[PDB]
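In structure tokens, one chain follows: the form deposited in one PDB entry.
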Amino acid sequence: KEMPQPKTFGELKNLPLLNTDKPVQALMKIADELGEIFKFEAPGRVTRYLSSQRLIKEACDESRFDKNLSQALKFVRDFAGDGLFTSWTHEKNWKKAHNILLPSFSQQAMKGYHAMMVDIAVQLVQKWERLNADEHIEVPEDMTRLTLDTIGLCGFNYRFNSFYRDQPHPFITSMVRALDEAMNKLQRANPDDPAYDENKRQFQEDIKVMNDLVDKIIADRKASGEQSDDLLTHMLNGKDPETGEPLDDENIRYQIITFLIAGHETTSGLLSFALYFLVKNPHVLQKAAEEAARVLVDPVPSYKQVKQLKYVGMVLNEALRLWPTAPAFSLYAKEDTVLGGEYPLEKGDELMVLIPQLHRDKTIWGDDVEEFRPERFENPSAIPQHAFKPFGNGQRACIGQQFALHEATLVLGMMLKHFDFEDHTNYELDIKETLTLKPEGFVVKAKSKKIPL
């Protein structure tokens, strides 16, 4: 069977389709037109975009397919190195870091981070409490302040103090620009053309800024000797049970850079989309706010009370269904194989999983896929295998899933406890794409319910 393919541009093939500031959303539109699979070609490379649970469940078979570094991730690898996110499965440092860090990211480990997560969450609530009447909130911006601060504090005992600033930390200016430069190199023609001398000079300056600041944080912790229980202490002391080896300082830096990218980009988006959907669906907002008031009976929320917020968890999973903030991941065929009993693949052939389209698969979810209904995630066992993949697949799934969800559930619980929300502008959804998705310009007013902290 001949594989569907979108419109070509002569010798440039399909590559000019990505020359747009919303490539994922364009690929989603192409998927609606062409269906469950389509071919995508650029000069000297090819991949296949998958959109149905039927094909993606086979793609998620770890005996047949393994994580591939997409072109974007290969560019991100120039500053994320061989950290967990940008390393190949067969690289020694992946399995080492994975075995070392798994216990630090578990559900039990969240009991340890909870205190510091509340520290930052209280700073968000107090900011909003202290706004004057008729002032508004810039939601993505404020969620990013929170999520960046939380990973900095919980991870490496470093306070970015984003709620004390308008202009971001020097690390973040370099990190955001490096990610932008990684994204812009996908849409580019010729690399060594000296017209991009300033692009390369900035990118190398941004690498050095991230490396120097993070390497200083490693050396300062080593020289201190103090044992503040966090990601950095676990990495300096911990040993891989398999090889018996620790991570060296170069890899540790890459893991820290990786966690800062993660805790900045994806996690704030989840909270942003979640609040968007809540203000656009007042009955769902009502249910979640009712739970928050009933469950969060103390001024300082405990770990147990965050686990008790079941409906707030359902709200977040439905936000992850409609707009998964890390919307695509790449795979490659380990051997020759046949996908879906009709698409023969050779060893090394690549696949892209388009997660927003998987999450709109009508044969799994029904015909109302665009509606925001948290009741879909009432029973987690009711969701078929590989139907809901906002945190990726298998051994290369998101190590920060429990961190992200605990943080988002705590913060969204507290937000719903302490405020009523107004969509005062009648905000029209406008999704800006970088590494991740964000509702750009999403604003609300938060009127206080006047419950003390």
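A residue's number is simply how far along the shown sequence it sits, counting from 1. Between two forms, the rigid core is defined as the largest C-alpha subset superposing within 1.5 Å.
There is another form of this protein, the form deposited in another entry, and it is not shown here; the text below is about that form.
- For the residues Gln71, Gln308, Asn99, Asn211, superposed on the rigid core between this form and the one not shown, a C-alpha shift of 2 angstroms or more shows up only at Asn211.
- Relative to the superposed rigid core, the position of the CA of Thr173 differs between this form and the one not shown by 2 Å or more.
- Comparing the forms between this form and the one not shown, the C-alpha position of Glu370 differs by less than 2 angstroms, with the core used for superposition.
- Once you line up the core between this form and the one not shown, the Cα of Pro194 ends up 2 Å or more from where it was.
- Cα-Cα spacing of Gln107 to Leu320 is enlarged in the other entry versus the present form (difference of at least 3 Å).
- In the other entry, the Cα-Cα separation between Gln108 and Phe377 grows by 3 Å or more relative to the displayed conformation.
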